[PDB]
Amino acid sequence: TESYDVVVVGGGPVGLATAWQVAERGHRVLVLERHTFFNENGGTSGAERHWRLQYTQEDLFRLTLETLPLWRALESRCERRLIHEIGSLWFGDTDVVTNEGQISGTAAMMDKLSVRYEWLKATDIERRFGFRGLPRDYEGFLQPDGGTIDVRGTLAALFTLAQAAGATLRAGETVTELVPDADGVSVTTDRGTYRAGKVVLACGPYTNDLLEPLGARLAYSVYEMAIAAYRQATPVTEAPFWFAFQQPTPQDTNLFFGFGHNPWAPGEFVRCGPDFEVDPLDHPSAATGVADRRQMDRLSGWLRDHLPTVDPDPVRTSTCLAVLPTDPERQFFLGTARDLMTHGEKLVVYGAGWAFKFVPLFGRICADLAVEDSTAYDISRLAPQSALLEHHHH
Ligand SMILES: *Cc1cc2c(cc1C)nc1c(=O)[nH]c(=O)nc-1n2C[C@H](O)[C@H](O)[C@H](O)COP(=O)(O)OP(=O)(O)OC[C@H]1O[C@@H](n2cnc3c(N)ncnc32)[C@H](O)[C@@H]1O
Ligand SMILES: O=C(O)c1ccccn1
């Protein structure tokens, strides 16, 4: 049984960022990853992730401002620009309400927070970005500060920095049991056992598998989402991230999005996807890894009709797992398990969120809680929510 100050369960971006921060602070940290580092079987896949500035949720705007300096520090340390301002384009029917929100409502929130944007008409959208055949009443905005994030560059940086700082990184090892006590946590994996001062759970959609035996269950839902990669057919002029807000059809939500071009890449491929209603998985093992045929056909057909800048026959289709609070009013689960079980403060939990954009911040917060039990950042609205009735003594 090896002993560490902190054991991180999960070697995705949040786990690696936490380990880098813990090790740089001079504590002994071990990261246990069930598959391989850089795997694309959890919530981290593809080459890119979006970082918009526009939100109707005040807390997301605040987190965005607090994370930016942390991205800059990371970029400096690894000698790589990781965030690229390519723009965030939201267009279509400006009043339809979707899981992404509503154009008009969001534009009012930008007006209020003093976030700049340009309002565009269908003809401007087709001219500037290459879309074709849009209904002439479609409108929307371009928030120029919207960015795209180099996912592979970020993972490489975090892995290398964590390793250089002394973190012990082990792959192909699955954590199967956690038992906190007053003096630390006992960790069992399919390869051995460990003793930790505290454990950070950054295991994507698997958090409940380790909390269940301890009498806790968090209120999050897991979704397998389809994504398709397409070859760029015509050279880009402006290729921002885009989301098409439309009225639903009787069979689907009729929503589609594209991540935009990847500046660090040769400009050969881009990725897009449908944003259709998807029922939650009962457990992550239910994921198949095969993108839903009908959704891929709908997306490819829409791109054939409306965005001829890309060859609409996908080069590759795949899936990614989203892990989100079941309550749409909540954005993230980041905190300890202090209110969920005895000695719960010894388990630091990153349990749900649409969060690649906050990876440097979340890693710092998890490191703070792992070695101090407190962070200077406000995480009051991110408290992990129990899926069970409260019957325990507090
Ligand atoms: C799927 C998805 C997510 C997404 C997105 C689009 C799609 C299709 N677009 C985003 C965007 O534009 N902007 C953004 O900020 N986020 C966006 N997301 C979400 C983002 O990708 C996720 O928030 C992020 O990937 C989460 O990272 P995290 O590090 O939390 O999790 P992970 O990569 O799933 O890694 C967890 C690791 O844990 C390992 N694991 C699991 N169980 C165990 C056990 N028992 N023992 C050891 N290791 C374990 C996994 O193997 C994994 O590597
Ligand atoms: O606004 C976002 O963050 C978003 C939406 C759909 C797909 C990817 N990113």
Side-chain angles (χ1 to χ4, degrees), residues 7-19 30-46 48-55 60 63-64 67 83 88-90 98-101 106 143 146-149 151 154-155 158 170-178 187-191 199-210 222-228 241-245 255-260 271-275 278 284-285 287 291 318-324 331-334 349-359 361-363 366:
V7 172
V8 175
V9 187
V14 181
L16 292 169
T18 300
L30 167 66
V31 176
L32 293 160
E33 164 59 50
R34 70 191 302 150
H35 296 313
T36 56
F37 283 106
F38 318 126
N39 77 79
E40 294 189 36
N41 289 144
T44 309
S45 59
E48 64 286 85
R49 288 284 184 280
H50 190 58
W51 189 7
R52 65 168 131 121
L53 179 57
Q54 76 276 183
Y55 302 98
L60 294 180
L63 289 172
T64 285
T67 311
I83 308 300
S88 190
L89 175 70
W90 281 16
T98 72
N99 63 350
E100 175 77 352
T106 299
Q143 201 299 307
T148 191
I149 305 171
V151 170
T154 294
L155 290 166
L158 297 175
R170 293 187 177 163
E173 185 162 352
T174 306
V175 173
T176 59
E177 190 181 11
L178 297 181
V187 180
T188 302
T189 70
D190 56 351
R191 299 189 183 290
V199 168
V200 168
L201 285 80
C203 58
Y206 291 96
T207 312
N208 285 342
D209 283 358
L210 299 169
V222 182
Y223 306 90
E224 181 167 37
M225 303 180 65
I227 293 287
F241 166 95
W242 59 270
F243 191 111
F245 290 74
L255 303 178
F256 305 99
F257 68 86
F259 282 108
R271 283 173 182 84
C272 308
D275 170 29
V278 178
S285 58
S318 62
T319 69
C320 172
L321 303 181
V323 191
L324 307 167
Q331 316 304 314
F332 308 97
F333 289 168
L334 178 59
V349 182
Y350 169 53
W354 189 253
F356 198 92
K357 61 196 142 168
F358 299 134
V359 160
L361 178 61
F362 287 9
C366 285

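Atoms within each ligand, like the ligands themselves, are counted from 1 in listed order. These values consider heavy atoms only, across backbone and side chains, with no hydrogens, waters or symmetry-generated copies. Residues take their numbers from the sequence shown, with the count starting at 1.
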Can you tell me which residue and heavy atom of the protein come closest to [atom], and the distance to 0.1 Å?
atom                    : value
atom 31 (O) of ligand 1 : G204 CA, 4.0 Å
atom 3 (O) of ligand 2  : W354 NE1, 3.0 Å
atom 35 (O) of ligand 1 : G12 CA, 3.5 Å
atom 9 (N) of ligand 1  : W354 CZ2, 3.2 Å
atom 48 (N) of ligand 1 : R34 N, 3.1 Å
atom 17 (C) of ligand 1 : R49 CD, 3.5 Å
atom 5 (C) of ligand 2  : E100 OE1, 3.3 Å
atom 52 (C) of ligand 1 : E33 OE1, 3.3 Å
atom 45 (N) of ligand 1 : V175 O, 3.0 Å
atom 19 (C) of ligand 1 : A355 N, 3.8 Å

#### Entry: Worked check of side-chain contact (heavy atoms from CB on, under 4.5 Å) between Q331 and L63
CA-CA 11 Å; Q331 316 304 314; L63 289 172; over 6 Å; no

With nothing but distance in play, are any N or O atoms of [X] less than 3.5 Å from an N or O of ligand 1?
X    : answer
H35  : no
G15  : no
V14  : yes
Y350 : no
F356 : yes
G43  : yes
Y206 : no

### Query
For ligand 2, is any non-hydrogen atom under 4.0 Å from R52's backbone (N, CA, C, O), its side chain (CB onward), both, or neither?
side chain

### Task
Could you label the plane-to-plane angle of the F259 and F257 rings as parallel, tilted or perpendicular, counting under 30° as parallel and over 60° as perpendicular?
perpendicular

Nearest 0.5 Å, what's the [atom1]-[atom2] distance between [X] and [Y]?
X    : Y    : atom1 : atom2 : result
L255 : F245 : CG    : CZ    : 8.0 Å
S318 : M225 : OG    : CE    : 11.5 Å
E48  : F241 : CD    : CZ    : 10.5 Å
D275 : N99  : CG    : CG    : 4.0 Å
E33  : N39  : CD    : CG    : 5.0 Å

### Message
For the residue pair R52 and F243, would you count it as a cation-pi contact if the rule is NZ or CZ under 6.0 angstrom from the ring centre and within 45 degrees of the ring axis?
### Response
no

### Message
I need the atoms of ligand 2 closer than 4.0 Å to a non-hydrogen atom of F257, numbered in the order shown.
### Response
6 (C), 7 (C)

### Query
Where does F259 meet ligand 1, judged by heavy-atom distances below 4.0 Å: at the side chain, the backbone, both, or neither?
side chain

List ligand 1 atoms under 4.0 Å from [X], heavy atoms only on the residue side.
X    : result
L321 : 1 (C)
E173 : 47 (C)
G42  : 34 (O)
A202 : 36 (C), 37 (C), 38 (O)
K357 : 14 (C), 15 (O)
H50  : 11 (C), 12 (O), 13 (N), 14 (C), 15 (O)
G10  : 37 (C), 38 (O), 39 (C), 48 (N)
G353 : 23 (O)

### Task
Verify whether one side chain among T319 and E224 offers a donor that lies under 3.5 Å from an acceptor in the other.
yes

Which atom pair, heavy atoms only, marks the closest approach of [X] to [Y]?
X    : Y    : answer
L321 : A287 : CD2-CB, 3.8 Å
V31  : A19  : CG2-CB, 3.3 Å
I149 : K357 : CD1-CA, 3.7 Å
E177 : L210 : N-CD2, 3.9 Å
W354 : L324 : N-CD2, 3.9 Å
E173 : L32  : CD-CD2, 3.5 Å

### Message
Using heavy atoms and a 4.0 Å limit, tell me yes or no: is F241 in contact with ligand 2?
### Response
yes

### Task
Decide side-chain contact (heavy atoms from CB on, under 4.5 Å) for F358 and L60; before the verdict, give the C-alpha distance in whole Å, the side-chain angles of both, and the deciding distance to 0.1 Å.
CA-CA 10 Å; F358 299 134; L60 294 180; 4.1 Å; yes

### Message
Keeping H35 on the side-chain end and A171 on the backbone end, is there a donor-acceptor pair under 3.5 Å?
### Response
no

### Query
Can you check whether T174's main-chain N or O pairs, donor with acceptor, with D190's side chain at less than 3.5 Å?
yes

### Query
Given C320, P13, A226, which has its nearest heavy atom closest to atom 2 (C) of ligand 1?
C320

## Note on the structure
Looking only at non-hydrogen atoms, the one of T174, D190, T44, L210 nearest atom 26 (C) of ligand 1 is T44

